[PDB]
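As the structure lists them, so they are numbered: ligands from 1, and atoms in each ligand from 1. The basis for the numbers below is simple: all heavy atoms, side chains too, and nothing from hydrogens, waters or symmetry mates. Throughout, a chain's letter reflects where its sequence line sits, starting with A, and its residues are numbered from 1.
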Amino acid sequence: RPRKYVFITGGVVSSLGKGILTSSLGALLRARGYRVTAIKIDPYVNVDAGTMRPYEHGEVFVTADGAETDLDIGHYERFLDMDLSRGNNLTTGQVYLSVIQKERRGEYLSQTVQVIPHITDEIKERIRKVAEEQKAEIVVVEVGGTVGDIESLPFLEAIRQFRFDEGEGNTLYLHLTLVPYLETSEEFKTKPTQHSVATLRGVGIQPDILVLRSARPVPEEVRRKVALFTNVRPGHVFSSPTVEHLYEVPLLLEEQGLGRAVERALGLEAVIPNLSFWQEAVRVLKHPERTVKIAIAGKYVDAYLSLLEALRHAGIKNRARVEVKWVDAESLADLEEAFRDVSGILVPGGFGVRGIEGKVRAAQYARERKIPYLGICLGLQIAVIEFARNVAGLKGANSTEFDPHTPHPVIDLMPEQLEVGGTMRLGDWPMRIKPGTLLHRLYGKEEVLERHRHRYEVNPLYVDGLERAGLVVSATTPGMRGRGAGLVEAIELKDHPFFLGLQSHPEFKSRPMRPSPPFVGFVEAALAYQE
Amino acid sequence: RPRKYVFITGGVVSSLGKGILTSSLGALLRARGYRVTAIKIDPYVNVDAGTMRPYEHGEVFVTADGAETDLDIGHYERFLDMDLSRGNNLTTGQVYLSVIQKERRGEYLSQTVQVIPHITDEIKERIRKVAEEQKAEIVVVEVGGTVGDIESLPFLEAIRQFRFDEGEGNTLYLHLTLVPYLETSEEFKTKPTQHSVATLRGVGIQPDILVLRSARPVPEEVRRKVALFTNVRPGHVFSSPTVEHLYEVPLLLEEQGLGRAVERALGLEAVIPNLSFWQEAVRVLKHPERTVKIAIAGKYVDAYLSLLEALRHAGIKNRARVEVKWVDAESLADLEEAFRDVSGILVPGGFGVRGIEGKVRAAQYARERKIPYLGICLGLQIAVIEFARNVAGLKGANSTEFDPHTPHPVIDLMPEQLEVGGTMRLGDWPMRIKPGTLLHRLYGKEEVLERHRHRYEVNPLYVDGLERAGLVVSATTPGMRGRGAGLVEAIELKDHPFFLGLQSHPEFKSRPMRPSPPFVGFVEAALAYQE
Amino acid sequence: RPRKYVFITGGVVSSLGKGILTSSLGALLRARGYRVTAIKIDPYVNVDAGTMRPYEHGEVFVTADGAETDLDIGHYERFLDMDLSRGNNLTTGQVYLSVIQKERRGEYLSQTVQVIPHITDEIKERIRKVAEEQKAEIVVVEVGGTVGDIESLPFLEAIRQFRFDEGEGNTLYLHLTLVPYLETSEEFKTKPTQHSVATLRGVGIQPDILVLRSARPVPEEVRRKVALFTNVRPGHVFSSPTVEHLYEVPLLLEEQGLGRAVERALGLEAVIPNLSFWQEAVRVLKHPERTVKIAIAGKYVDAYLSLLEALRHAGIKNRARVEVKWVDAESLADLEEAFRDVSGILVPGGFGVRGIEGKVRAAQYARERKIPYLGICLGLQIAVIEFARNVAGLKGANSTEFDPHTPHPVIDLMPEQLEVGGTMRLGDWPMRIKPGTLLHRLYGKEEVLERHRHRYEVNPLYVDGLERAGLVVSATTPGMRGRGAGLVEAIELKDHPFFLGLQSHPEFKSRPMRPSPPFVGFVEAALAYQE
Ligand SMILES: NC(=O)CC[C@H](N)C(=O)O
Ligand SMILES: NC(=O)CC[C@H](N)C(=O)O
Ligand SMILES: NC(=O)CC[C@H](N)C(=O)O
């Protein structure tokens, strides 16, 4: 049974929702029982998303293996319901760096190294390597950038070569384009699509399937015209209309027949997908039994893409619509009005002093006014800082990240004793939950894994005291590779309806099919608070 | 002093308002005192617009010389304020037919005839010939179609050759493209523009000026990015935002600096344009002293492009906003409600029986209820028919176009005596107005020219009787080339506030700077009726 | 059983021998028993080759139906061994003229007519119409021009559309390109091929087969590289090396596997071609039993393409190599040296006085010195003129074409009595051969058809006298459609080893498989003369 490859390119304009299309096709294939994996090719020169801002210009996703990748990997994980790794985000920097380092070591045996075939071999090899490791039966590869630009050329060439390498029936090429619709003229402009496919053909790729992005679905007559001038059969031209909920996409594509078309094109026996989860999730999103509002007091108010997705997953499970009120951390200054008509307060992650003191106030206000509180990473550090100051009377308490000279570094770098150097804790780390805690009630397990991306920890030296003040350490980590043994992973308050914080980013693991308990509980408590 | 040529191409999509851009640049140049002319190249194979439907799929304009052309010629005439001719609408059919007929006659002297240079020579020759006849100092040529399609290729090549033929400083190339704007992302997508210009460059043309069509104006920073990747200097990239009134375009383009950029590029001494007319016309359109509503009882409710423009011109002169209520002729069946809140009824032109009887009812209703009435071409024939039936008691009266067997053909083909064969009366025909009539009051002249396009006339044999019944022949034509001597050109009613009809299409000559009197009076009477 | 279409395009440069490739594939298919036909698309604007010079810039072929076409039709007829017609030479002029005339007649029903789909529909319709009339099972269509130029675009689009129209397995696309070979570097440059195919793909066509034109055959390794970067399978990339004899082409292509590849691609059951004729003809050309030299006293010394082919066909049948000595008619002035080592003199066709008197001398010299003489069309008129002057003593005798005022118009326009106006006799005309003549000995029939293209005939009024002088009219035509009844078609001399002339162009019908008797005899007589 040969491995199947489905490549996805985009044309006309850079933004078409190609990430969600890839994810949606991934879901339709997994809904058929196939073992699938998606690879996001990002033509940029950055080796990885590690040197970029973690939130500001859009969230940087973190995989179980600790890789910092493009946010699309998160989409992919959510729609396919599986962990991806560093190998699922391929960049120009990675490819050129390996090939270049390889020829400096003389491993190319004195020959002249070139984009073709050397850079292109590296690209294909990485695509196959990761698909092998994940035992994929079908692999969906999304080419970032836009057909017609310079950066994606090496990648378009690389994937073009797969048809010959893999043999007939094992590769399929899909191209997504923009079809402008004039509300007045009431007409769909297909020329951009025509020119884009012609350009793609010029580099050597003939799409087998086309998806036309437009405000509304593209009429059959129009789709036929496009089919005939592109060399794509009529039944292989589909629409990608704009929709209210992202979860609707897999459904509308399957209904039009994308799934069937794909199976056939790959010469696979027809399998009836089970889309029961998506259908119900979309039903819940369109008809919530109730709706509650919570506030996100962040300093970056797609910076919290995974966070917002996590809230949505929890909402669905609670059969409730979760409305988000964005509260600018720094502005925190009438809290009564800022959190008016708010049944929950969430303090997300971030770096830098900006907004810290503002978040501190939100936490205090949420602790005193018995308002559900969820703190993620920095959110926990904030809570620890606010508790340290106003409950343990540790005046000036803070994190050395914000005040390197505070007299009470309740949050500081990795303790020298627990170190092995100046690197963050990234990826999955085991978390031992304490029985009888709120954390325990939510998970229902005593041992779990959550993903991390931070360089500051709760200072051990202060734990004993804070606990005496009434702070509960509902979770700790046994460490990993002899590092961070004993570090605090979660904190909560006993005399509060819902006050929880975690050092990790549990949003990163949240899947619409399997919500993150910390968020499930947060939403549940919110609803409770709303009475 | 060399003749200057400004070529205008379009890219990305077929609809960008390139016709109005051409017209607007034409206006800015005439506002500088230059003798200008515009040529519309229509890549279609039709020799002319003569075999197309006159109204249904958009109006077919008629020039003073009787040529049936694309509607853009009308725009051109209105913005430049000058009559154009058959030579101002160049088509593929015209070009290939002349070259082909020429080689069949052996006039190419036994050589192999080809698209290049023979078809391209014909195109350039026609462009120069018409510009010469019109003594143009600056000629604006608009290339129909979209860069990247097959049909316009011979024309793009033809105009590319002008740079070398005319010598430096005498040719300028402008390209209009679509820049999609995402209301959400709040971003302008410039890739389509980039790809389009790259394609244009590929055929051999480097634009000197670019105009970016988009919902809103394109920011300076964005325009600079486009300038740098297209080879067009920053100061030569302009915006074409969507606007309320067409007359605003010349103004916004001049303000941004298109006029100045053009003069400079053509090496002409700066001239301060006088845009006083446009500024006031736009002021009137934005702030009408009053507004009246009139109904258009037509069978095609851009079929009446020139008609609606004519109403707008009249409105401006009357400093009033004219609201049009579309009344489907055929549906005419409660007239009281159909013309409710209507201070004027206009019955436009058309061919075919469809809606005739419905129009007849509108006329009768407008004659009895003393409601201002304006009938254009068919509009007059309708009025004559309704008057014949209900005032002269000529039962069954009609036009032989609708009832070839009516016992009273008050409207029929060109009288055999007045003929010279089965062709329509097209283009300007002299009209002798009768002193003391409503027609006379409106024009203020006794002799004028109006454009025609019809094959039916008021049957002479019935004039005497109809006049006795009370119908007034306020105009007749002395004929032309010994044809149609004596034919009725206009009719009106003495005992009515405003009841007028003309055989010609006076909308075709209406200019915003010089409104058509028949419409000026119609609007004036409407206002009167509204009290 | 579906009709199969094989399209042939050319890239990089205009001259690649694509005409002979088309012809050669045609031969391989007919050698398999298929009914085939070839259509030559000539992108030029000339409706037909009728207004071009008949010889000067290359011969203009004439088909049985009297059509004047591109010389490729001749190749086609020779390799396929079948008569083609006007419909086998499609031009831009024909296509645009029909569509244009059609819309002027309003036959497009008021719609806007465009290159696509109207011009393209006309092209496809003409291709199918002619294939139907000829009951073709396989049709080979050659696209003139070069991929990448403007003129052939409408045709490339037209043929691209056939794949969808005809359904899978019924269309095949072949592209011929130039692969430069550096004699020094000893390398084949494949980039031109790469860029050309990329351009072809850009217009929407993916070649299934490629033929690389180069000085020498392209190595397998190189062919594989081209296959991989063009999307064409390795076994479908072939070579077209330069060769000594044109007849070698079908053979080398079949040997490489073009025939097999084509049958398979069209989903046809393998048929073993019988290439026995070509193999022997090539054997004869490489190893002639003998060789003789004849002189061609023409005024255009590919003007005589069909003539030279006819000589080659005759040579093969006589198992002798025929060497041609070009003798410039006008220069005729030492005949002894001009015809030194010449065993035969041929005077071909032409128009105009230039060289007439020179040809006259060659004829006289050939008649007196008992040297084999073959006169084609003008060649016969010359002989009649020379005989009239020097044997019948008709001083000043001539053709009115050269001397409108000669006192003895032994050759003049179509006799007024035999006319029906000022048109030439074109295409096949029946020729009644007289028993016992040299003409009869050669053909072996009394009635045959030969193709014509001339406007001058032997003046009847002079026949009687010339016959008395000793001239023999070995053939006459019963006329056609009541025209030219009785006209002289051939003349010969009784007291001469070989002196023959014909009014028609028997070269046009000569096929390598079936030589034209007049030439067979001419060569035979030449050999005889050489002793
Ligand atoms: N993303 C975050 O929440 C980071 C919190 C803090 N900067 C740390 O390094 O721990
Ligand atoms: N356009 C018109 O108004 C045409 C009216 C009528 N068909 C005529 O030929 O006179
Ligand atoms: N091609 C020819 O041989 C033409 C001969 C001569 N011009 C004729 O019209 O008969």
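- Annotation: atom 7 (N) of ligand 1 to nearest protein heavy atom, A:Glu401 OE1, 2.8 Å.
- At a 3.5 angstrom cut-off on N or O pairs, B:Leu378 counts as close to ligand 2.
- Of all the atoms in ligand 3, the ones that sit under 4.0 Å from a non-hydrogen atom of C:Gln381 are 5 (C), 6 (C), 8 (C), 10 (O).
- With no hydrogens or angles considered, a side-chain donor-acceptor pair links A:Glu59 and A:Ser306 at under 3.5 Å.
- Legend: residues meeting ring pair (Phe, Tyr, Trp, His ring centres under 6.0 Å) with A:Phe508, ordered by chain and number and at least two apart, are A:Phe61, A:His505.
- Protein heavy atom nearest atom 8 (C) of ligand 3, with residue, atom name and distance: C:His454 CB, 3.5 Å.
- Among protein heavy atoms, the minimum distance from atom 9 (O) of ligand 3 is reached at C:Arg455 N, 2.9 Å.
- Within the 4.0 Å heavy-atom shell around ligand 1 one does not find A:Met424.
- Of all heavy-atom pairs spanning A:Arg453 and A:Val60, the tightest one is NH1-O, 2.8 Å.
- Heavy-atom proximity to C:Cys377, at under 4.0 Å, picks out these atoms of ligand 3: 2 (C), 3 (O), 4 (C), 5 (C).
- Residue B:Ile376 has no nitrogen or oxygen atom sitting less than 3.5 Å from a nitrogen or oxygen atom of ligand 2, judged on distance alone.
- Side chains of C:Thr477 and C:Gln503 form no contact here, defined as non-hydrogen atoms less than 4.5 Å apart.
- Applying the side chain to side chain donor-acceptor pair (under 3.5 Å) rule to C:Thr63 yields the partners C:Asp65; only residues at least two apart in sequence or on another chain are considered.
- Taking both residues in full, the closest heavy atoms of A:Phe351 and A:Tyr300 are given as N-OH, 3.0 Å, listed atom of the first, atom of the second, then distance.
- Looking only at side-chain heavy atoms (C-beta outward), A:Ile356 and A:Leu378 come within less than 4.5 Å of each other.
- Between B:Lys359 and B:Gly298, the shortest heavy-atom distance links the atoms NZ-CA, 3.5 Å.
- Residue A:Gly350 places a heavy atom under 4.0 Å from ligand 1.
- For atom 1 (N) of ligand 1, the closest non-hydrogen atom of the protein is A:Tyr55 OH, 2.4 Å.
- Contacts with ligand 1 closer than 4.0 Å are made by no heavy atom of A:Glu457, backbone or side chain.
- Looking at C:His505 against ligand 3, only its side chain comes within 4.0 Å, counting heavy atoms.
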